[PDB]
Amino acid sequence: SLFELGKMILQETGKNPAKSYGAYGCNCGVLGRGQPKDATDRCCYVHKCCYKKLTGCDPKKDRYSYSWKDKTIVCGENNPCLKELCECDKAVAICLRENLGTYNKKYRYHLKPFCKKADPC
């Protein structure tokens, strides 16, 4: 769900997930996808493209189990969809941390309706 997604992003980046990534760019947080704005945004593009196959689970609401073991996100889920969902969230969390170097605060509270359409997944 959004709870696990948020903890993962916090754990990886060390930043408040809802505040930095809840409305970042044309892809991250609320809503769907659009043309990415930078690498941080492109992380979430893939993240949502990754969500697309889970038809599945509710990526926002369905909870799942995972562990923070030696500063590594370990998905511990039986249930195919939830396991895939957890791996989606793990990936984006990692990607977000790797691209902290180009995090732009000007995209933090982006107005998404004015985003250009995204390429299909």
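Between two forms, the rigid core is the largest collection of C-alphas that superpose within 1.5 Å. Position 1 is the first residue in the sequence shown; the rest follow in order.
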Would you mind working out which of 57-65 and 75-83 sits farther from this form in 4 other deposited structures of this protein by RMS C-alpha distance, with the rigid core as the fit?
-> 75-83
Core-aligned Cα RMS comparison in 4 other deposited structures of this protein - stretch that moves more, 25-33 or 89-97 | 25-33
Mean C-alpha B-factor higher for 38-46, or for 77-85?
-> 77-85
Which wins on mean Cα temperature factor, 59-67 or 22-30?
-> 59-67
Report the third (lowest, middle or highest) to which the CA temperature factor of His110 belongs, ranking only the modelled residues of the same chain.
-> middle
Chain thirds of CA B-factor: placement of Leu2 = middle
